[PDB]
Amino acid sequence: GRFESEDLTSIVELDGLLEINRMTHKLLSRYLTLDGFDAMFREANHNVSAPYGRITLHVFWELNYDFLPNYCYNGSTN
Amino acid sequence: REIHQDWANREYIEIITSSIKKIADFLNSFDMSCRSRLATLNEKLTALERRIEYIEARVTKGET
Ligand SMILES: [Cl-]
C-alpha cells in the first residue's frame with residue numbers, strides 16, 4: 001500500500017521492506033507454523049486469483065502517468 | 001498377636017495405595033503427553049488445510 005501511494009523510484013524501498021518481512025517470517029518460523037512467505041506475499045499482492053499482482057499494476061500505472069511523461073534519459077550515465 | 005497381624009495388614013494396604021498412586025501418576029502424565037501430541041497434529045493439519053485452500057485458489061476463479 002505504501003508503494004501504491006508513491007512514485008516508481010520508491011520500489012527499491014519496497015524491496016528492502018519486503019526483505020525485512022521475509023526475515024521476520026523466518027525468525028518467527030523457528031517457533032511458529034505460518035503460511036509460506038510466498039503464499040502470504042502473493043495474497044497481499046492480490047496475485048493468487050489474479051494473473052498480475054498489485055506491484056506489477058502500480059509499476060505500469062506509474063510508467064504511464066509519471067515515468068514516460070516526466071523523465072529525461074541521460075545516455076552517458078545510464 | 002493382633003498388632004503383629006495389624007502391621008502385616010497395613011503393609012499390604014500401603015503396597016496397594018502406592019500402586020494406585022502409580023496408576024494415577026501414569027494417567028496424568030499420559031494425558032499431558034497426548035495433549036502435546038494432539039496440539040502438534042492440529043498445528044500441522046491446520047497448516048495443511050490452509051495450504052490447500054491457497055493452492056486451490058491459484059487454480060480456481062474468484063467469486064463475482
Ligand atoms: Cl517504506
# chains A, B, ... in the order shown; residues from 1 in each chain; ligands from 1
call {"tool": "residues_near_ligand", "arguments": {"ligand": "ligand 1", "cutoff": "10 Å", "atoms": "only C-alpha atoms and all ligand atoms", "output": "number ranges by chain"}}
result
A: 1-3, 6, 10-18
call {"tool": "interface_residues", "arguments": {"of": "chain B", "to": "chain A", "cutoff": "8 Å", "atoms": "only C-alpha atoms", "output": "MDAnalysis selection string"}}
result
chainID B and resid 43:44 47 50:51 54 57:62
call {"tool": "write_last_selection", "arguments": {"atoms": "C-alpha atoms", "output": "mmCIF file, in the first residue's frame"}}
result
data_model
loop_
_atom_site.group_PDB
_atom_site.id
_atom_site.type_symbol
_atom_site.label_atom_id
_atom_site.label_comp_id
_atom_site.auth_asym_id
_atom_site.auth_seq_id
_atom_site.Cartn_x
_atom_site.Cartn_y
_atom_site.Cartn_z
ATOM 1 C CA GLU B 43 -0.873 -27.386 14.137
ATOM 2 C CA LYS B 44 0.243 -29.448 11.114
ATOM 3 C CA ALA B 47 -1.382 -25.572 8.085
ATOM 4 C CA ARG B 50 -4.612 -23.557 4.769
ATOM 5 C CA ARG B 51 -2.072 -24.545 2.095
ATOM 6 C CA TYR B 54 -4.320 -21.418 -1.163
ATOM 7 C CA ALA B 57 -7.361 -20.613 -5.238
ATOM 8 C CA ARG B 58 -4.322 -20.406 -7.567
ATOM 9 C CA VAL B 59 -6.129 -22.772 -9.959
ATOM 10 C CA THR B 60 -9.726 -21.520 -9.484
ATOM 11 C CA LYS B 61 -11.557 -18.304 -10.447
ATOM 12 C CA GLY B 62 -12.877 -15.885 -7.798
#
call {"tool": "atom_distance", "arguments": {"atom1": "CA of residue 30 in chain A", "atom2": "CA of residue 38 in chain B"}}
result
19.8 Å
call {"tool": "atom_distance", "arguments": {"atom1": "CA of residue 31 in chain B", "atom2": "CA of residue 19 in chain B"}}
result
18.5 Å
call {"tool": "residues_around", "arguments": {"residues": "residue 57 in chain A", "least_positions_apart": "4", "cutoff": "12 Å", "atoms": "only C-alpha atoms", "output": "ChimeraX atom specification"}}
result
/A:3-4,8,45-47,50-53,61-64
call {"tool": "write_last_selection", "arguments": {"atoms": "C-alpha atoms", "output": "short mmCIF file (atom, residue, chain, number, x, y, z; two decimals), in the first residue's frame"}}
result
data_model
loop_
_atom_site.label_atom_id
_atom_site.label_comp_id
_atom_site.auth_asym_id
_atom_site.auth_seq_id
_atom_site.Cartn_x
_atom_site.Cartn_y
_atom_site.Cartn_z
CA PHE A 3 4.31 1.61 -2.73
CA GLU A 4 0.90 2.38 -4.32
CA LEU A 8 8.36 4.36 -9.27
CA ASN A 45 -0.15 -8.68 -3.64
CA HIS A 46 -3.56 -9.93 -4.87
CA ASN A 47 -1.72 -12.40 -7.10
CA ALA A 50 -5.35 -12.78 -10.42
CA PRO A 51 -2.54 -13.03 -13.03
CA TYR A 52 -0.79 -9.70 -12.28
CA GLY A 53 -0.28 -8.50 -8.71
CA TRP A 61 0.38 2.88 -13.64
CA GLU A 62 3.47 4.93 -12.73
CA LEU A 63 5.13 4.30 -16.11
CA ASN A 64 2.02 5.60 -17.87
#
call {"tool": "atom_distance", "arguments": {"atom1": "CA of residue 5 in chain A", "atom2": "CA of residue 58 in chain A"}}
result
9.3 Å
call {"tool": "select_by_dssp", "arguments": {"residues": "chain A", "states": "helix (DSSP H, G or I)", "output": "ChimeraX atom specification"}}
result
/A:3-5,8-29,37-44,54-70
